[PDB]
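Chemist: Right, I'll just put the structure down here and ask away after.
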Amino acid sequence: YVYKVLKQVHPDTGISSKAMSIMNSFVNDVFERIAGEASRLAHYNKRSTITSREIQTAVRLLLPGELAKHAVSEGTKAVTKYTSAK
Amino acid sequence: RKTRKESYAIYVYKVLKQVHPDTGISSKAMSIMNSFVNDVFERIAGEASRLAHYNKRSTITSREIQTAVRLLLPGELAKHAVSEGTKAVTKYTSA
Amino acid sequence: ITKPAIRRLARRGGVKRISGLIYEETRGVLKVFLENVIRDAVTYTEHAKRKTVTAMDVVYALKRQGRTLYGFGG
Amino acid sequence: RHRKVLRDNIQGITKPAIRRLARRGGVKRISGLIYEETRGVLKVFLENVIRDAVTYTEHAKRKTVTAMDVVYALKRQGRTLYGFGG
Amino acid sequence: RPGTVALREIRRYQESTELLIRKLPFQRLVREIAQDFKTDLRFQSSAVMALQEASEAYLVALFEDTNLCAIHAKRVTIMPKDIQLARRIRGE
Amino acid sequence: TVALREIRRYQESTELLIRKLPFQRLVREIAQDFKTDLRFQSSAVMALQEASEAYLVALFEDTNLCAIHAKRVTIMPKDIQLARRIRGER
Amino acid sequence: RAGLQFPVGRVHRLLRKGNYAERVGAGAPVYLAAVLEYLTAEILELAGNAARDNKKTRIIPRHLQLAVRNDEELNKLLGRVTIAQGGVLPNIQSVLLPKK
Amino acid sequence: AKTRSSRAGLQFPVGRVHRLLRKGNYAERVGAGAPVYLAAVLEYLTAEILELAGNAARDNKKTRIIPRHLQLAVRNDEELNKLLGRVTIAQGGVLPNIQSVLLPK
DNA sequence: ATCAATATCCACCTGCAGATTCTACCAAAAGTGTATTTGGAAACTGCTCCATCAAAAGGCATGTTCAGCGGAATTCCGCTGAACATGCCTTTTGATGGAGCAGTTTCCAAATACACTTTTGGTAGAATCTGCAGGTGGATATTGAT
DNA sequence: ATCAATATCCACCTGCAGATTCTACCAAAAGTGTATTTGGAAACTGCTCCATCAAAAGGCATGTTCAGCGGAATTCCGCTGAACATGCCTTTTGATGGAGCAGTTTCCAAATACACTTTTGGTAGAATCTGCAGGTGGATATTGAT
């Protein structure tokens, strides 16, 4: 998946196995941090379900200004599109 | 109308009384002790959770609590806390 | 946040002599500190759909800023 | 059977190599006492990480310290490491 | 003398636990900053207090590090560059 | 002149600056003093080295700032000590 | 029945109700409660002494702070923790004291 | 069939993320949108870092991204530097940077 | 060394905000017992990869000489903090409507749990592909001596 | 400032380790389709406790005066490090025995899952109690002037 995204942004660029290993550590790290925040967020609100809403708040709490804004838009857009598919 | 609210206060009291029978504790101080018990609880449970995850285990046993404690507590808070925990599990099984 | 209050803080910090410019420097730091914490506190507020910032919202914000605070619930 | 005794291996940090690390850190001039102070700092740093890494090893009932063990030990103490497995 | 009177102040204030900024001014500041994130907010009394406790505890501790940077410099006045150093090393 | 030449040289390359073999004992040595009979995956030793060197480099940056603060260009042990005290290592 | 003042039933319930794992062994909450009780006794013991030394019978925040920051280990455990209304330890940098 | 992760328009695998959510014990329940949103965010962040790392590779006349390119892209970007402020990228080195006062003349 | 102005202490006193004590109601626990299920320890073992010995050679550590020059020690003095007493503008304290924070009820969109069907991302492995490490050489600075 | 000594920059060149590309197997996924269960948004509402206001309280703004900090200029000692000669020990390419990690199947101690009963910790209103915070007095240590 990292390779697919790479080709979209730099069609004519590869990536060494070590760099790929670093990218894999990065995705897992961000996943855990976002999920952790969502987890506590749910518990603080006595909610047993993690929805796109907790994930969104978790993203606002975790990411720096500009990255949050764009992450949120991509997340919102993907859920809206996903929800519109019959 | 209820909306009621658990807290470690009573059993912090109790404990206080074995260690110092003639001493009292203010409300604000009890609130600090409550935060303290909840904080240690979440730190220990969190590390035990990670431990079980790491080793692909579905269960958090007293073994994880022990390793969590050795990871979290300094040298000699660990030493004593470990013995205290082993002692209670022993006095629990043997019963 | 007045000169005498900033000075009192410095004293509890064991500071003996204070430069004139310290006082605007402190205000700037305090502001950055509050901004960061409140931003998170307010984010927990909005998430819970309240219009009132609770002690817990502040406590949770302080905690994941790595500034755990005892005495206000949790 | 086997076994040589390992001792004074701290002296291995070859007080160039201490110089080289300071260069990467942007340092221009180094006092003669820096070498022993740095060895002491490196010792404490390694003791804390290996202590936790080995604790994860024993908990899993292994005799071999894994890269995961170290990676987990490093994260414990907020020195997250990318690229050695994830 | 100059700095003397300082010394007795350190003695005094250290060993009180009371707050050191005034409440109303601090409250106005908290509300002003919050208004920029979301309008028409209310604050539990305990919330502003938690904020003031953490803020003062933060600043006191920073002043300790600032002092170490000043004296490190063979000074007794703290200046702004001392605060900056401390924050940079802190990673803030 | 030589110092600056070296900073530029190292600040750019990425290879580990401590000899591999030597580093790798006083991993074993320290580890041994905690628990005997331990083996190490070679990548576990490499992870410790990558982490130790990143930690030392970042520590010297801070140490460098402390010396400069004192109007010096030689770092001394007290700079390393001030940096660690502030970092709350200390 | 584990010989503790702290609530094993509550701890177990909390351990589950916290999504820490799929299952929670029977011994875990016992072990955990004992650890929490021990640490609680440890701080109150020291805080109590801190109060006696000030000729007071009631432990307040100040006493919890003095007890914690004067104990190397508790201080380590609680390094990123702030205690409300605790104040700081009396301490002035040598180089700042009078010339004498 | 279509797979979800076309349904959402999303290179990253919605199915796997939903599963990893479940198996991480983050809540009793996990809504259907949660994994879609999270996968989108993960894909967005890796696109951001790869855009920047690819550029660094380009400036160093290289076609293949290596750890140093990832490090250069991260430390030169304020926000990514902040998000990864406590992260160490193996074999990434550091940014070139000499304090003013240390230069000669 | 001798006061003179204060700051600091301590022993005693007591009003009251906050802590302790007794009663009564009860949803929420926590304990208990039965029935069903299953995680993960144990025993067997495939097979990865860790420890280790070997041998060769040059990258790089070590140890010495000797000079460049940083930084502590010292004297000098400009000017900035800080002490202090003057005057009141802001914060603090206690009384009061009303906005929401919550407690409770309803009920449907959405999340399990279950049985199959099908698309896919690992991977073990033989084979071709290719970016760039690394040695080479020469144009271009960057320094140091004068 | 022109020169000489050197380090750095940099495009060209090619053996080769690491990487992009398959043909083939597939267990673990992920997707499709009822059936069953329920978390939590939504509407309504009572009691908090939060924002607001006026009167009583006390901390801060302000200008003069000057102690004394700490940067500037000067000095010289002795440490740091560039240059260099020597040779050790790390690094590298290999190969081997076997420790021990990890895959697979077996099976019971222990955990989950209701269902029923007992106890209990938390909440609310009332009454009563008390540790100690400020306040006073008088002693005496501390600091600054002479």
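Along the chain as shown, residues are numbered 1 onward.
Backbone N, Cα and C define each Cβ position, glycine as well.
Straight out of Swiss-Prot:
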type	residues	note
MOD_RES	D:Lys4	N6,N6-dimethyllysine
MOD_RES	D:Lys4	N6,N6,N6-trimethyllysine
MOD_RES	D:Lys15	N6-glutaryllysine
MOD_RES	D:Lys15	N6-acetyllysine
MOD_RES	D:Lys15	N6-butyryllysine
CROSSLNK	D:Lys15	UFM1 cross-link
MOD_RES	D:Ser31	phosphoserine
MOD_RES	D:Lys61	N6-lactoyllysine
MOD_RES	D:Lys61	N6-butyryllysine
MOD_RES	D:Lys63	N6-acetyllysine
MOD_RES	D:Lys75	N6-butyryllysine
MOD_RES	D:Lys75	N6-succinyllysine
MOD_RES	D:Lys75	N6-propionyllysine
CROSSLNK	D:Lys75	ubiquitin cross-link
Chemist: Compared by Cα position, which of the modified residues D:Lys4, D:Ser31, D:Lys61, D:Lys63 is the closest one to D:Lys15 (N6-glutaryllysine)?
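Modeler: Of the modified residues D:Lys4, D:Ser31, D:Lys61, D:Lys63, D:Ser31 has its Cα closest to that of D:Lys15 (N6-glutaryllysine).
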Chemist: Between D:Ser31 (phosphoserine) and the residue listed as 'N6,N6-dimethyllysine', how far is it from one CA atom to the other, in Å?
Modeler: 35
Chemist: Quick one: Cα separation, D:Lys75 (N6-butyryllysine) versus D:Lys61 (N6-lactoyllysine), in Å?
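Modeler: Per the Cα atoms, D:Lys75 (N6-butyryllysine) and D:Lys61 (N6-lactoyllysine) stand 21 Å apart.
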Chemist: Counting only other Cβ atoms and using a 10 Å cut-off, which of the modified residues D:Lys61, D:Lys75 scores lowest?
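Modeler: Per-residue Cβ counts within 10 Å for the modified residues D:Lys61, D:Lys75 bottom out at D:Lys61.
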Chemist: Around D:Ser31 (phosphoserine), how many other C-beta atoms are within 10 angstroms of its C-beta?
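Modeler: Its Cβ shell of radius 10 Å holds 16 other Cβ atoms.
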Chemist: Given modified residues D:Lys4, D:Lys15, D:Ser31, D:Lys61, D:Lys63, D:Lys75, which are under 8 Å from chain F when comparing Cβ atoms?
Modeler: D:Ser31, D:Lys63
Chemist: I need the least crowded one of these modified residues (D:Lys4, D:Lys15, D:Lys63), counting other C-beta atoms within 10 angstroms of each C-beta.
Modeler: D:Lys4
Chemist: Between D:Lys4 (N6,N6-dimethyllysine) and D:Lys63 (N6-acetyllysine), how far is it from one CA atom to the other, in Å?
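Modeler: Spelling it out, the Cα of D:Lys4 (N6,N6-dimethyllysine) and the Cα of D:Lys63 (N6-acetyllysine) are 19 Å apart.
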Chemist: What subset of the modified residues D:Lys4, D:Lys15, D:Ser31, D:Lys61, D:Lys63, D:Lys75 has a Cβ positioned less than 8 Å from a Cβ of chain H?
Modeler: none
Chemist: Under a three-state reduction of DSSP output, how is D:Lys75 (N6-butyryllysine) classified: helix, strand, or coil?
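Modeler: Looking at the DSSP assignment, D:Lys75 (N6-butyryllysine) belongs to a helix.
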